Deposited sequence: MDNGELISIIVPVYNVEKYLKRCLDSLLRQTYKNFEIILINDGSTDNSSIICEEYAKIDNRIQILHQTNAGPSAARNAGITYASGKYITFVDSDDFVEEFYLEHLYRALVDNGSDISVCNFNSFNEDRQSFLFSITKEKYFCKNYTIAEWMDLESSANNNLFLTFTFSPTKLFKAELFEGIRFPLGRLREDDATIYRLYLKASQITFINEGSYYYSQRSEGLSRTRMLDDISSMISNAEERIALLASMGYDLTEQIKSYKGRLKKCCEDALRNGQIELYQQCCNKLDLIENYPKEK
């Protein structure tokens, strides 16, 4: 198979990194590179990275001065030479057939992107939560319009579980210094695609154990773009109202007063002054 680039930002994850890398080296799909971007870790993460690189030549390390998750992923994208690009968080781990299933689903269907689901692992209790069962398995091709019309966490705000043609990344980078960076970026990759293939399997495990401002501005930017391109807004509008409610209260609790002012005003307009 053609080369897949796995981009893995690493920042102070010494407890979890070995589990992650072991689950990647066990992939049944062999032709990958793993790009570990150590974002200036101050625990043993950087050492663990070096140790794994010494026993598998598919692992490439980039050490860099701490600059945040966006900067780490953008470095991953710049360094990747694969035909495909996928993201794995160093907190998490995957089934041994993860990559292969994503690959087949993309190539056999002629899609530009393939997406699977995830299950969770509760670290506090050391137990899986299998929300996605075999009985609920399905696979499906989508147009972009069908894809954009929906969880919203899996789809828009979570960068892993997805396999991207590398050419999609022309002009697309994660926004610097900001959290909710996936939220701002992943959907722009969808808008580049012609067809997206989804597989409802939980092959990625999300280990389980805020940036209000970005939450709001990401939603506004996404709505403006979709509108300018002629996509339907119904769901994005509901999402936006929901985020405004959360912001209006949480900004106040955090003492983010100008943000509070803004969000309340916006929520006041939508609810009490709609068009007549």
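Compare what was deposited with what's modelled and send me the C-alpha-less stretches, numbered from 1. Deposited residues absent from the model fall in 1-3, 154-159, 219-228, 296.
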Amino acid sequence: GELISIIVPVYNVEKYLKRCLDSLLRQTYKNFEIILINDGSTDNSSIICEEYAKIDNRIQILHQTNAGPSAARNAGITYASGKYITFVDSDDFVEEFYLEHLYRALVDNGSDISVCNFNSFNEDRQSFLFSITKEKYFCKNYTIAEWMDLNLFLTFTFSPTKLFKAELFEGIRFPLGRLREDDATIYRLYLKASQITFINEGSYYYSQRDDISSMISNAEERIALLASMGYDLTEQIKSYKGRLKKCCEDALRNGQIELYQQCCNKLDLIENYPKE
From here on, numbers count along this sequence of modelled residues.
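On mean Cα temperature factor in this entry, is 95-103 or 173-181 the higher one? Higher of the two, by average CA B-factor, is 173-181.
Selected stretch [higher average CA B-factor]: 130-138 or 163-171: Higher mean C-alpha B-factor in the PDB entry: 130-138.
What's the residue among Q64, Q27, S217, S228 with the greatest CA temperature factor in the PDB record? Answer, based on the entry's C-alpha B-factors: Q27.
Per the PDB entry, maximal CA B factor within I37, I223, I34, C247: That would be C247, according to the entry.
Sorting by Cα B-factor within the chain, modelled residues only, which third would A75 end up in: lowest, middle or highest? Middle third, going by the recorded CA B-factors of the chain.
Third of the chain's Cα B-factor distribution that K15 belongs to, per the entry: Tercile = highest for this residue's CA B-factor.
What third of the chain, by the recorded C-alpha B-factor, contains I4? Within its chain, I4 is a middle-third residue by C-alpha B-factor, going by the deposited values.
Where does the C-alpha B-factor of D56 rank in its chain, lowest, middle or highest third? Within its chain, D56 is a highest-third residue by C-alpha B-factor, going by the deposited values.
Looking at the temperature factor on the CA atom of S194, which third of the chain's modelled residues does it land in? According to the entry, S194 has a C-alpha B-factor in the chain's highest third.
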